[PDB]
Structure formats: C-alpha cells, structure tokens
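Here is the structure we will look at, set down as structure tokens.
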There are 6 protein chains.
Amino acid sequence: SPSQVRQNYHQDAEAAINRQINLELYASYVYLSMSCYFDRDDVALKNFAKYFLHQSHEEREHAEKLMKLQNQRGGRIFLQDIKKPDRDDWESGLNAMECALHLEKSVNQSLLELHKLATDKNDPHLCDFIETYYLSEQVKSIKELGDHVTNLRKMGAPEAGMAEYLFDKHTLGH
Amino acid sequence: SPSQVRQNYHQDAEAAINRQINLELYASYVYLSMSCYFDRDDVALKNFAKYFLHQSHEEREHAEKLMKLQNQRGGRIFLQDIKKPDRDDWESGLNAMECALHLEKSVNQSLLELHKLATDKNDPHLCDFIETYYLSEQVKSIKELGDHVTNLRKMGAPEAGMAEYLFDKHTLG
Amino acid sequence: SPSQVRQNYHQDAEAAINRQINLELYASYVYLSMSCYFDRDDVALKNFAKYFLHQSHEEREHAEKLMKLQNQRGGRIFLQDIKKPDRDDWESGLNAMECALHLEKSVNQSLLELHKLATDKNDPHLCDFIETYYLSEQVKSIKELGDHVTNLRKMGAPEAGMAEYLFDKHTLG
Amino acid sequence: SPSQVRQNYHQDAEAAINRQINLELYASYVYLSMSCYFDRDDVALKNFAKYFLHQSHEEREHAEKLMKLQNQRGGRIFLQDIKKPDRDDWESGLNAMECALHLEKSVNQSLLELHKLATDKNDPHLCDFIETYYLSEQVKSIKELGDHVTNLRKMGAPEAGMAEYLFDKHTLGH
Amino acid sequence: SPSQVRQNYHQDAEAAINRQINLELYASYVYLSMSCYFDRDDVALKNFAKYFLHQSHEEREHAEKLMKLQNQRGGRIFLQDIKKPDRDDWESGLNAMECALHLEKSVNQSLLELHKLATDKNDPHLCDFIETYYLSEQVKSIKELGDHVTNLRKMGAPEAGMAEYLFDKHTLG
Amino acid sequence: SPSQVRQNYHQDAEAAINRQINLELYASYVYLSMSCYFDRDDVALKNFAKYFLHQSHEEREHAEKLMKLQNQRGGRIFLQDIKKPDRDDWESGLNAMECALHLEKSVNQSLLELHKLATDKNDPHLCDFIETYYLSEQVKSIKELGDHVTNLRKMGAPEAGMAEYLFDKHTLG
C-alpha cells in the first residue's frame, strides 16, 4: 500500500529515478578512477587529479539529491551494483577529458529521457526538479569539457609534451 | 617493469590493498543505504540518517586514502564492481546499529589480515600506515557502535516506541 | 561469553594490561610519597615537591589511559591493592632522583614485556598503542631523570649543601 | 625530637590524619572503579562515568590537602596500602549511586571522629581545618547523592530501561 | 660500563644508527652540491637551487634527530668523514632529479635494513622511531622526485630548452 | 674557457675559496660534535649543547655564503671530503670552549691568508667581501670564546662541580 506522502508519483517514474541514482553513482566511480590515474607517478598531473576528484564528489552529491527526492515523493530506493569503470588506464589528459565528455553526454541523455517520462506522466514537480537541479548543470559541464578538449587538442596534446603540463598549470590550476 | 618509485612493495600487498579499497567502498555504500532508510517517511529518524551518512562519507575517505597509498608506493589501482548492500530495508535503528557493528568488525578483520601480510613481507611502511590510519579508528568505531547497541537495547528498542525517538534526539542529536 | 566489541584480544593481553594498570597506579603513589617528602619543613625543596607531584599526576593519567584501552577492546578491568612505596624517607633530592630513575626503568621493562606479548599474540593495535603512548614517553622520562642525576652528582649533592638548593631553583624552577 | 614547627599537635591527631589520608585515597580508588564500570561497552553510560571520575579526582585532592596539613603542622606522613574496592561490577547506575552514598557517609563519620579527637586534644587549628575544608563538603556531597538516588528510584531504575539513560542525559549531562 | 639510561638497546643498533647518521650527512652534502650547481651562471635555475638547498637542510635535520635518538637511548655518537659527492657537475635539472631519486631510494633501503635489525633485536622503541619519523617521509620524498622526473621527461628535458625553465617556474616556483 | 661573468678573479683566489669552504664545513662539523657531546646523559649541559649547535649552523651559513661568492664571481665550486673532528669526547665545558677558541683562531688565520692573497692579486671585491662578512665576525667570536674561557677558569671549572652548571644557566642560558 502506498506511502502516506505519495501523490501523483507514477511507479515508472520511481523506477527511472532508481536507475538514474545508479547512473550518477557509476559516473562518480568513473571520475574517481580517472583521478587515481593522474595521481600515478608515471602520469603525475596533480591538477587533472584534483579536477576529476572534484567531479567524482559532485556526482555523488547528485546521486544523494536523487535519493532525497525519492524519499520526499514516497518512492522507495532500491540500490544496485555499481559497475566498475570501463578502463583502468586513461592514456592521457586529453583522452580522459574526451571520455568524460562522452560520459556527461550519456548522463544528460538519461536525464532527458527521465524528463520525457515525467512529462508523459504529467508529473510537474519531477519535471521541475530535473530542470532546476540537473539539466542546466549538465549543459554547463558538457560545455566546460568541450572547451577543455578543444584547448588540449589545439595545444598539441598528448604528443606535444608541454601541452598537458601547461594546461594542468594554467587552466586546471587557476 | 616496476614503477620508478617502487621499493620493498610486494605484489601480494598490492593485491590486498586493492581488495581493501573495494571493501571500504562497499562499506560506504552500505552506510549510504542505511542513511536512505532512515530518511523514509515511514521511518523518519533524521539523526540516524545523518549519523549513517557521516559514516558513509568517512568510509569513502578511507578508500581514497588507500588509493593514495597505492600510488605512493608505486602499485597500480584496479577497481572492481561495488556490490549492492545485502538489504534495502534495515528494519529499525537497533537493527541498523547491529548490522553496522557486524560490518565494522568485518572491515577490522580484513585490516588485521592485511597487517599480517605486511608483517610477513617485512613491509614496515605499510604496517605503520595500517596501524596509524586504520586500526585505531576501527577499534574506536566498533566501541562506539557497541555502546549505541547497548543503550538502544536497554531502552527497549525497537518495541518500546519512545526508545529510538529519544536516542535519536539525545545520543545522535 | 565475550564482549560484543572484542576482536583479536587475547586473554593474556587482558591480564597483562590489568597488571600494567596496577604498576602505573603504584608509580603514581611512589611519586606522591616523594612529593610529600620534599614538602617537609626539614627538607623544604618546593620545586622538587612540585616536580614529583607532576610526575604522580602523569602516572595516574597513564593508568587511566590503560583502563580506557581495556574497555575499548572489550576487556574487563580488575583492580588490585596499590602497595605502599618502599620508603617513607627519601633521604635527599639526589637519592629521590635515583630511585625515580630506577622506578621508570622498571616500568619501561614491564612495557617492553607487554609489547613482546602483544607481538607474540599478533595484536597490532595493542602494539601500536604501547609504542605510541608509552614507550617514547618512558625513554624521554628516563633520559630526563638521568640528566638530573648527572647534574646533581656533579654539583656535589647531597653533601654540598648548596647543590640541591640551586638545582631546585635553576633546573626545577 | 619534634619538628621545629610542631606546636600543639598531639601524636594521636597525627596518627588520625594519616588514617584519614588513607581513607580519602581509598575513596578515590572506589570512584575510579565505578567510572571504569560505566565505560564498559555493555553499560555505556558516559555521564555516569564522567561523574564518578570527577569524584575520584576530588577525593585525591582531599587526600593531598590532608598531606599538606600534616607537613604544615610538623607531623610525618606514613602511607599505607590502598585496598582494592569491594566490587569490580557495580550492577547499575542506581546501585553505584547507593554505594557512593554509603561511602561518603563512612568518610563523613571518620571526619566527625577526627573532629572529636581534635576537640578533645584542644587543637583549634585542626578543628577549624576539618570544619572549613571537609565537613561542609561532605554534607553537600551526601545531599547530592541522596537526591540522585531519590530521582533514580522514582524514575524506576534499574528495571525501567529508559531511567538511567535519561538520568544520564538530563541530570548528569547538565 | 653502560649508560645509566641504557635499556634494551643493542650494540648492533647503536652501530647502525651511527652509520645512518653518516649517510644522512652525506645526503645533505650531495644536495648542497646540487644546489651550488644550479646557482652557476651557466645553469641559472634559481628554483632548482632553492629546492635542493631545502633538501640539504632537511637531511641535516634528519641527521640531528638521529643523534638525539642516540643520546636519548644512551648510545654514543661516533662521527666519520663525510665523503664528497660523486659529481661536481650534475648536467641538467632532469639528471639531478634522477640522481636525487636514486639517492633517496638508497637512504630508504638503509632505513629498511635498520628497521629489520631493530625488529630482530626486539627494540620496539627504535622500530617505532624509524617508522614514525623516517619511513613515511622517505616514501613521500621518493614519490615527489618520481613525479618531477616524470614531468621533466614528458616536457622534453634536457633537450627541449624551454622545459627546465618552465618547470623551474611552475612546479618548483 | 672562462665564465661569461668572470672578471679580475684569479685562479689562485678560486682555489683558496674552495679550501675555505671546506674549512667552514669542517668547523660546522666540529661544533656539531661538541653539541652532541653536551647532550649525553652523563654530561647533560643543555645550554652548552644549544650554544655549540648554534655555532655549527652559523659555520654552515658561512660556507654557503662562500659558495654563493664563488658562483657570483664565475668560479667553480669543487667540494672535498669533510674530515671527522679530532675528538669524540670533549672532556668538559671548559675544554670544549678552549678547543673552540683554537678552532676559531685557525679559521681566522686562514681568512687572513685569503685576504693577503686577494690583496696580492689586486682583487678589491674579494678583499672587501672577506673584511665585510668574515674578519669582523671572527674577531667577535674569538673575543666571546676568550671571555667564556676566562670566566670558566675563574669559576674553577672543570674541578669545581658547580662551575659549569652555573655557567650553563647564567651565561649560556
């Protein structure tokens, strides 16, 4: 029998929120893997490491916000395994930025499908939640990553040895 | 060929550190599940939720410290799936504290086996690392959880309705 | 049946901790006796009295830390009589410093045997506890006492009347 | 031959002061035992533990004040064994408060006999010392302990599980 | 006849501490040589010079800490000649970082042998001293040097003329 | 071929500066040995130890200033072994002060020969450098040491047991 607070919250939306929680946790774990990679002594880009660690924590925050939403609407959180990232070795700062861009666009696509579903179920609170706390942030993150990829490519990374070093210092070091 | 920094770091220790990283991440995810449970409208113990969320973040910090150790010694981090917790529904504040106590003692046991291995491989830096940043913290956490279980039991939880409410306010608030 | 928190804590270690608690309490009582002695009107060295009173309180703190350890690991504290010091009359500042040096080295030896036992039982938390909070402090205290004995002897104490007076003022004041 | 400072200080008073020093040390050790008991993981009342630890330190201070008195009057301190407390296991917060009340009243009785002796020996400095620094403090401590016993009993301790917990928080947690 | 403070301190440990003191002094002198090299007008990398001068002073501090340990345990310090570094001319910032990495790993190896010896002699105070003040610092220094070597190599040093200049400004400045 | 900055700097001056660098380093090591000696538990004069440790660091600073001069004038620093001090055991505070006085006067004599050489080679910058940063400091140090020797002797050291103790407290404290 439904939660005492549950109103206008379709079971399909509940399931899709649980899937999105898992995806945010997965993204957090991918960024954590990237951060570990740039901390290796044979890579040693401290500001790449800092950048992706920050991203990892932000993705965890996103997941926790979705869990709060789920309880607030009277849904029930069902956690699933967090799959390991597709790679141990991220090959270069440029490659990691490109993979992060791909990841962020996949997360964005999942959010857009979630918003489609909430619109189809006439759930304006959920639509507004997604728009307010997620869509704008994704567009910003995607644009940032695209900018970084563009600059790294123009500087000549990975092959120009100086490029990732100086990008680490100037763009990611403030 | 070995990392330029690698010295006196046995492949067995490297593997065991990777396993411990996974275990800390798993513990973080268990505590996150508990925290979500006490945020439910039909449970609604805000300070239980806060407590376990804090524990979740601390476990993530422990994992990140182990990853830093791994890179510092020239090992290579290999991540694995983080398995889902054994339960969605943690049944009561007392039950969650008991499960957390069990979890912390399993993590402690894994750390003790890691210290055994480092001692067997004559790796004093790793032994000292475990002693300094892990063993003492585990003993403290286990003692705290035991205390909470004891008080909850004596108050009459879960069946005495007032017990978890007042414990939430007094001890965890 | 064992405490809910007890893990990897051997009954022999528990017993040895209780013995060490008693020894620390005994040391506290010895230093208290010394302090009383230098407060006598026919001795009247106020800074010797202060020094040994400080040592007495520090030894009590050491005992209380061991009791906390015992409860933290799930052992049970069993107190015993605190025997009276071997002497009422400590004869001179030099003699008291020499007796304190002997006492501190006996306490150190007991701690070293405790660390041996913890190592034999593969109890790294207890080993680390002893190393961290006890061994270093003992080495420091022993060195300090040795220094004081050396200076007092060189100054000509007890027989040079000025020596303990000036040592009281300069070193201990 | 007597101390150069000794005046109007009877050997019987000196002996009785040494006995009182031992009793204060014993009381300190009893309270230390109680404090250890409430720190056990299967008891776990932190404010009971704090309370009795405070009492233990206060009893040690009382003993040290008596030792100072002894040297001030030119008596000589003779220490004796400090006997172990009668119990390892203090059974409950109520039981420990009751045992502490009994202990404090025994210490008070010893102080009253000491004051009787000082009065019989016409030693007004010692009488005043006892009155000023000891008797009033004992009456206060006894009244406090009686109050705590009364409240614990009325709350239903030990059998009402909530009683010692809430007393720990409200009365002893200030 | 032994020092009044000496307890549980084996003659082999005393000798090994004296050898380690000499090694730390030697390391200090090597880093001083490197620092002088980067101050040459035909090299002129001020932040390399600063970096290695800092390292030189830190190595001297390490030696002085070992001397304090030696006196604290009642051993006797016997100094030996400090041999001159193997090179006057360190060839480049990358080469100096590589030689420093090699040096730090040799010092680490000597510390590990010292810890082995202290463990074999059952000297927990000395083991803890080494772990606490030396091993962790060495692992950190080795990791740092490895990082610097990695970055310099990737930037194209020594042959890319800009590399050491910009590394001097960004990483070491 | 000469350094681009080298002007009016004779090869003999360069060699003599390298010798002086070695002598300053040697002096630093002698004072370090003295400092260690007064830290022994059977000597235990803390302010003698502090005093000579300060002197050791000052001598190292002198050496580093000479190395800077060498690079500034375009000479090349060639380091040599730093020989061990002539003694492990400095026997007493008075004896150590006397040996320090002898050492400082030998360093002064070497500086005077260096100034003679610079004057003979018509190198006014080097002459001024020696006068400004070295000669005056040496005269001051020699006078100070002479004062300390005089007072220690008059107090009756080493044989008057109180003398070095009180000198440690009053003059060096």
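Just so it is clear, the values below take in all heavy atoms, side chains as well, and ignore hydrogens, waters and symmetry mates. Order of the sequence lines sets the chain letters (A, B, ...), proteins ahead of strands, with each chain counted from 1.
- Remark: B:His102 NE2 is loosely packed, at most 12 non-hydrogen atoms of other residues, nucleotides or ligands lying under 6.0 Å away.
- Residue contact with chain B, scored on non-hydrogen atoms closer than 4.5 Å, is absent for A:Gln70.
- Heavy atoms closer than 4.5 Å to chain A are found in both the backbone and the side chain of B:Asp39.
- When the candidates B:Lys83, B:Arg40, B:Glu64 are compared by the number of heavy-atom contacts under 4.5 Å with chain A, B:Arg40 comes out ahead.
- A search for side chain to side chain donor-acceptor pair (under 3.5 Å) contacts involving A:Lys169 returns nothing, not counting sequence neighbours.
- Summarising the geometry, atom OH belonging to A:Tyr26 is positioned 10.0 Å from atom CG belonging to B:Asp81; distances are rounded to the nearest 0.5 Å.
- For the set B:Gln80, B:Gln72, B:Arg76, the count of heavy-atom pairs under 4.5 angstrom toward chain A peaks at B:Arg76.
- B:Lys116 NZ: more than 12 foreign heavy atoms inside a 6.0 Å radius.
- For the options A:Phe78, A:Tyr37, A:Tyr29, heavy-atom pairs under 4.5 Å to chain B are most numerous at A:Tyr29.
- Separation of atoms CZ (B:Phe38) and CG (A:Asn71) is listed at 12.0 Å; rounding is to 0.5 Å.
- Across A:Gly75, A:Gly74, A:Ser3, the residue that shares the most heavy-atom pairs under 4.5 angstrom with chain B is A:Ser3.
- B:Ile82 CD1 to A:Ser28 OG: the interatomic distance, rounded to the nearest 0.5 Å, is 8.5 Å.
- Using a 4.5 Å cut-off between heavy atoms, A:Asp41 touches chain B through backbone and side chain atoms alike.
- Residue B:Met67 holds its CE atom at 9.0 Å from OG of A:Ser33, rounded to the nearest 0.5 Å.
- The greatest number of non-hydrogen atom pairs below 4.5 Å with chain A, out of B:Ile77, B:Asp89, B:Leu32, is found for B:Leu32.
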